[PDB]
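Chain by chain, the residues run as shown.
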Amino acid sequence: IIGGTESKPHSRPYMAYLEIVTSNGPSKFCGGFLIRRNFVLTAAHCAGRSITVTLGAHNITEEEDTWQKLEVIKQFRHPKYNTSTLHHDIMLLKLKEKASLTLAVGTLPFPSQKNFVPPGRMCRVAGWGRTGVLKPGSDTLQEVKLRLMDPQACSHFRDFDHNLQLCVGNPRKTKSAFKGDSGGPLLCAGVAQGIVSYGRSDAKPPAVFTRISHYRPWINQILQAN
Ligand SMILES: COC(=O)NCc1c(C(=O)O)n(Cc2cccc3ccccc23)c2ccc(F)cc12
Ligand SMILES: [Zn+2]
């Protein structure tokens, strides 16, 4: 998160910290959010050989009783995810066991409505990602308020698609999701509407988020069958 604030500790109890393991490199990290006691939603590009989820975290360097470190049994990457275009950048993680409900850990279920979100309004995104181009991931959960932009603002991303994705962040501000914030939720009036997907290496906003509304049928299908 660039140009944001430190979250009030445990104020976003659905937030998930993902450690992603691959065979031929060190750990990578993503965000995500708990939508059921045993399901986390994140980005498809956060897939790996194995993943561990930590719920209940604020400062991810300091172990505390709120932590729940949870095993992932299965990854459900969107079947049409494309590594070239980055279309359909969404994935569900099934946890081995159901998480405990505490003050610090809870679900963020979707409302019944899945209305298309138009440009204009302010939304908020959170994560443990880099706080600048040359800075490292944040030890503490950070968050920032960003503007939903008209789709033409993301035209320079040649594979951007308004039906599939949100265009997020006023180009006149530094404020942005960035590297390390992958998979984290964009909340608009308390409702998850986007997932951090990709942007520019130089951090100039806007960035591209998965439009959750488009994938509500697919999400429902996985949750009902597993
Ligand atoms: C768990 O594996 C990773 O994290 N891999 C690295 C990786 C990242 C990142 O470092 O998070 N992002 C988000 C991203 C990359 C650049 C500028 C951005 C600008 C804004 C927002 C996100 C941005 C990706 C997107 C697509 C992709 F195939 C790989 C990545
Ligand atoms: Zn605490």
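Residues numbered from 1 in each chain as written, not as in the entry; some residues may be left out. Chains lettered and ligands numbered in written order. Heavy atoms only, no water.

Listed as the method for this PDB entry is X-ray crystallography; the listed resolution is 1.68 Å.

Time to look at the nonpolar core. A general tendency of soluble globular proteins is for nonpolar side chains to be buried together. Grouped together as the largest cluster of nonpolar side chains are 49 residues, with contacts concentrated most on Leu18, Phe33, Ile35, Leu41, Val53, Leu92 and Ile219. The greatest single-element share of this core, amounting to five residues, is contributed by strand β2 (residues 15-22). Each of domain 1 (1-12 + 108-213) and domain 2 (13-107 + 214-226) gives at least three residues to this core. With residues near it in sequence (within four places) discarded, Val53 still touches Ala16, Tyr17, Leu18, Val40, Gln68, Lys69, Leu70, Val72, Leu93 and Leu95. (Core = buried A, V, L, I, M, F, W, Y, C linked by side-chain atoms within 4.5 Å. Buried < 20%, exposed > 50% of the residue type's maximum accessible area, 1.4 Å probe, protein only. Helix = DSSP H or I, 4+ residues; strand = E, 2+ residues; numbered from the N terminus. Domains from an automatic or database assignment. Contact = heavy atoms within 4.5 Å.)

The next point concerns the layout of surface pockets. By volume, the largest pocket is sized at about 310 Å³. Surrounding the largest pocket, 19 residues form its lining, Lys28, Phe29, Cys30, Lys179 and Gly180 being those nearest its centre. If you list the elements that add at least two residues to the lining of the largest pocket, you get β2 and β3 (25-36). Looking at which element gives the most residues to the lining of the largest pocket, the answer is β3, with four residues. In terms of residue class, the lining of the largest pocket is made up of seven nonpolar, eight polar and four charged. For the lining of the largest pocket, the domains that each give at least three residues are domain 1 (1-12 + 108-213) and domain 2 (13-107 + 214-226). The space that makes up the second largest pocket amounts to roughly 230 Å³. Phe178, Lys179, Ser197, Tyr198 and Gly199 are, among the 18 residues lining the second largest pocket, the residues nearest its centre. (1 Å grid on protein atoms, 1.4 Å probe; cavity = no way out; pocket = protein on both sides within 12 Å on 5 of 7 lines; lining within 4 Å. Points joined across faces, edges and corners; volume = space filled by probe spheres on them. Nonpolar A, V, L, I, M, F, W, Y, C, P; charged D, E, K, R; others polar.)

The next thing to look at is the pattern of salt bridges. Here the idea is simple: oppositely charged side chains can pair when their charged atoms come close. Taken as a whole and assessed by the stated rule, the structure comprises four salt bridges. The residue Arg12 makes a salt bridge to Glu143 at a minimum N-O spacing of 2.9 Å. A residue pair is termed long-range when its members are at least 10 positions apart, and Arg12 in the loop between β1 (5-6) and β2 and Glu143 in strand β9 (residues 142-147) qualify at 131 residues. Residue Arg12 shares its accessibility class with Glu143, and that shared class is buried. Salt-bridge contacts for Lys96 lead to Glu71; the nearest nitrogen and oxygen are separated by 3.7 Å. In this pair, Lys96 sits in the loop between β7 (91-95) and β8 (122-127) while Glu71 sits in strand β6 (residues 68-77), placing the two residues 25 residues apart along the sequence. For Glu71, a relative accessible area of 46% puts it in the partly exposed group. Through salt bridges with shared partners, a single ionic network connects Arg200, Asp202 and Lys204. (Salt bridge = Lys/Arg side-chain N within 4 Å of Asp/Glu carboxyl O.)

Now for the UniProt feature "disulfide bond" in the protein. UniProt pairs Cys123 with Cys188 in a disulfide, and the structure agrees, placing their sulfur atoms 2.0 Å apart, under the 2.5 Å limit. With a gap of 65 residues between them, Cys123 in strand β8 and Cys188 in strand β11 (residues 185-188) connect regions that are remote in the sequence. Like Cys123, the residue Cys188 is buried in the burial classification. The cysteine pair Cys154 and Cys167, annotated by UniProt as disulfide-bonded, shows a sulfur separation of 2.0 Å, below the 2.5 Å cut-off, so the bond is present here. Pair noted here: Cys154 is in the loop between β9 and β10 (165-168) and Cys167 is in strand β10, with a separation of 13 residues, a long-range link. Take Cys154: its relative accessible area is 0%, and that puts it in the buried class. (Disulfide = S-S within 2.5 Å. UniProt positions renumbered as here; feature names shortened; annotations may be inferred.)

Here we come to the coordination of the zinc ion (ligand 2). Summarising the metal site, the zinc ion (ligand 2) is bound by the protein donors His10 (NE2) and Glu64 (OE), whose distances to it range over 2.0 to 2.1 Å. Of this pair, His10 sits in the loop between β1 and β2 while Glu64 sits in the loop between β5 (50-55) and β6; the two residues are 54 residues apart in sequence, bridging distant segments of the chain. Classification of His10 by relative accessible area gives partly exposed; the value is 24%. (Donors = N, O, S within 2.8 Å, 3.2 Å for Na, K, Ca; no water.)

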